[PDB]
Every structure is written in C-alpha cells, then in structure tokens.
A.B. asks: 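I'd like to ask some things about the structure below.
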Amino acid sequence: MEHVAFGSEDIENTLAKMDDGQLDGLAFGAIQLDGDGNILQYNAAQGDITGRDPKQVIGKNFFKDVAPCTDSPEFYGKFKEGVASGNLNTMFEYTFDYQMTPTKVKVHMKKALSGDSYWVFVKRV
Ligand SMILES: *C(=O)/C=C/c1ccc(O)cc1
C-alpha cells in the first residue's frame, strides 16, 4: 500500500502526487472537498468505514446530501471558517450515525495544496 501516516505534518504535499488509484492505497479514509463541500475524491478505505460506494458519492455535497450528521458547528462550522479564512488544520473525534451503525472516528481536516480544495481524513478510534 501507500505508506503515509494519519496526521503527518506534510500530508498535503505527499497526497498532491496521488491519483484516485493511489489514494485507494492509504491506510485511512480520505475525502477531497471543494470549498462548497462537494466531493471530488473519496477513497476505498473511507468506503470501508462508512459503507458508501466511492464512485457514487463523487459530485454529491458532503454536508447537505451525504453526511447530515456533520452539519453542525462542531464539523461543518469548522470547515466553513477554514474555507473563508483560507487556512484549516484541525483534528477531533466525531460519531458518524446517519443510516449506519454509529461509528466513532478521528477526523483531520486540512487545506490541500490546490487552491480551492480541502482534505477530510478519517480513521477508526
Ligand atoms: C453523518 O451523517 C455522517 C455520515 C457520513 C460521514 C462520512 C462519510 O464518508 C459518509 C457519511
């Protein structure tokens, strides 16, 4: 697989070189969002955690359509503030519970190297 550790300091540089196939080799879930919250990339490990089919969620809005349980000041609110400010680096635990067994995860959101792109990284806890 692709050897990159969750929470690594330079993760956005390392992931800038990966196509969708290489992203599927990561040990943790990875979602790339645009500044409106639309899903641009969604890897295999994320689909294993959540049950979603990675090919079908691309193009959907994460906060409106896919993950309403994240539409809250504690998750979406942090994303919105990061987009508005142009910088974002925050890690926190959360529970995903929409149409699935409630699953506790650690989330790391970080601005990507590309201009209007943001990463959401997820692992089980
Ligand atoms: C709450 O509704 C969270 C649901 C969710 C989180 C992450 C995903 O990749 C998919 C659904």
Side-chain angles (χ1 to χ4, degrees):
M1 56 168 182
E2 298 285 319
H3 281 328
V4 181
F6 184 95
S8 48
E9 272 274 30
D10 55 356
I11 189 160
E12 70 275 24
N13 287 54
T14 306
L15 265 53
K17 72 195 182 175
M18 301 194 175
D19 47 65
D20 67 326
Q22 293 176 259
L23 287 185
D24 288 341
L26 296 173
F28 50 84
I31 304 171
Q32 195 188 79
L33 302 179
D34 71 12
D36 284 330
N38 299 308
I39 297 167
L40 305 172
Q41 293 178 103
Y42 193 102
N43 79 344
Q46 185 68 10
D48 289 344
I49 295 168
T50 69
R52 277 59 178 187
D53 187 305
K55 313 303 251 158
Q56 297 198 14
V57 295
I58 287 160
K60 295 186 179 339
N61 191 278
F62 186 76
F63 299 106
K64 184 179 196 189
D65 305 319
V66 175
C69 79
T70 70
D71 181 358
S72 71
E74 289 71 34
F75 196 135
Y76 186 28
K78 294 178 181 152
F79 175 82
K80 152 213 200 271
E81 174 65 41
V83 174
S85 73
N87 42 319
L88 180 60
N89 185 9
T90 184
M91 187 180 302
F92 54 94
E93 292 179 354
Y94 208 80
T95 297
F96 294 161
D97 64 359
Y98 181 61
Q99 292 187 133
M100 64 199 287
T101 299
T103 302
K104 201 184 163 201
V105 295
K106 195 175 298 291
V107 181
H108 181 201
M109 292 197 290
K110 197 170 191 187
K111 185 153 186 297
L113 287 185
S114 309
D116 188 67
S117 294
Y118 309 87
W119 291 108
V120 180
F121 304 119
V122 177
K123 70 169 180 170
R124 302 168 169 101
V125 297

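Counting from 1, the numbers follow the sequence of the chain as shown.
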A.B. asks: Kindly indicate, with the supporting measurements, whether the criterion side chain to side chain contact (heavy atoms under 4.5 Å, CB included) is fulfilled by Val122 and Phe96.
C.D. replies: CA-CA 11 Å; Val122 177; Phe96 294 161; 4.1 Å; yes
A.B. asks: With a 4.5 Å cut-off on side-chain heavy atoms, are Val66 and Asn61 touching?
C.D. replies: no
A.B. asks: Can you tell which of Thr95, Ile49, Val125 makes a side chain to side chain contact (heavy atoms under 4.5 Å, CB included) with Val105?
C.D. replies: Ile49
A.B. asks: Please step through side chain to side chain contact (heavy atoms under 4.5 Å, CB included) for the pair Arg124 and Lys104, ending with a clear verdict.
C.D. replies: CA-CA 6 Å; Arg124 302 168 169 101; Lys104 201 184 163 201; over 6 Å; no
A.B. asks: Quick check with a 6.0 Å cut-off and a 45 degree axis cone: is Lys78 positioned over the face of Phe92's six-membered ring?
C.D. replies: yes
A.B. asks: Any side-chain heavy atom of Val4 sitting closer than 4.5 Å to one from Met18?
C.D. replies: yes
A.B. asks: Would you check if there is a donor-acceptor pair between the side chains of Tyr98 and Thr50 at a distance under 3.5 Å?
C.D. replies: no
A.B. asks: Indicate yes or no: at least one non-hydrogen side-chain atom of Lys111 is less than 4.5 angstrom from one of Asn89.
C.D. replies: no
A.B. asks: If you group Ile, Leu, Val, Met, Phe, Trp and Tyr by side-chain heavy-atom gaps below 4.5 Å, do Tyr42 and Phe79 land in one group?
C.D. replies: yes
A.B. asks: Would you please indicate if the ring centroids of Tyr76 and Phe62 are separated by under 6.0 Å?
C.D. replies: no
A.B. asks: Does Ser85 reach the main-chain N or O of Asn87 with its side chain, forming a donor-acceptor pair under 3.5 Å?
C.D. replies: yes
A.B. asks: Please check this pair: side chain of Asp65 against backbone of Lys60, looking for a donor-acceptor N/O pair closer than 3.5 Å.
C.D. replies: no
A.B. asks: Under 6.0 Å from the ring centre and within 45 degrees of the ring axis: does the NZ or CZ of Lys123 meet both conditions for the six-membered ring of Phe6?
C.D. replies: yes
A.B. asks: With a 4.5 Å limit on heavy-atom distance, are the side chains of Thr70 and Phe63 in contact?
C.D. replies: yes
A.B. asks: With a 4.5 Å cut-off on side-chain heavy-atom distances among I, L, V, M, F, W and Y, is there a chain of contacts connecting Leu113 to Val83?
C.D. replies: no
A.B. asks: Please determine whether the number of non-hydrogen atoms from other residues, nucleotides or ligands lying under 6.0 Å from atom CD of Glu9 exceeds 12.
C.D. replies: no
A.B. asks: Using side-chain heavy atoms (C-beta onward) and a distance below 4.5 Å, is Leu40 in contact with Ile31?
C.D. replies: no
A.B. asks: How many angstroms lie between atom CD of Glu12 and atom CG of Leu88, to the nearest 0.5 angstrom?
C.D. replies: 11.0 Å
A.B. asks: Using side-chain heavy atoms (C-beta onward) and a distance below 4.5 Å, is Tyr118 in contact with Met109?
C.D. replies: no
A.B. asks: With heavy-atom distances below 4.5 Å as the criterion, would you say the side chains of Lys110 and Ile11 are in contact?
C.D. replies: yes
A.B. asks: Tell me whether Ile39 is reachable from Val107 by hopping between hydrophobic residues (I, L, V, M, F, W, Y) whose side-chain heavy atoms are closer than 4.5 Å.
C.D. replies: yes
A.B. asks: Sub-3.5 Å donor-acceptor pair from the side chain of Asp34 to the main-chain atoms of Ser117, do we have one?
C.D. replies: no
A.B. asks: Just checking, is any N or O donor in the side chain of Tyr94 or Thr103 under 3.5 Å from an acceptor N or O on the other one?
C.D. replies: no
A.B. asks: Return yes if some donor-acceptor pair links the side-chain N/O of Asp116 with the main-chain N/O of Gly35 below 3.5 Å, else return no.
C.D. replies: yes
A.B. asks: So which atom in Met1 and which in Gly25 form the shortest heavy-atom distance, rounded to 0.1 Å?
C.D. replies: CB-O, 3.0 Å
A.B. asks: Could you check whether any side-chain heavy atom of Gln46 comes within less than 4.5 Å of a side-chain heavy atom of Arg52, counting everything from C-beta outward?
C.D. replies: no
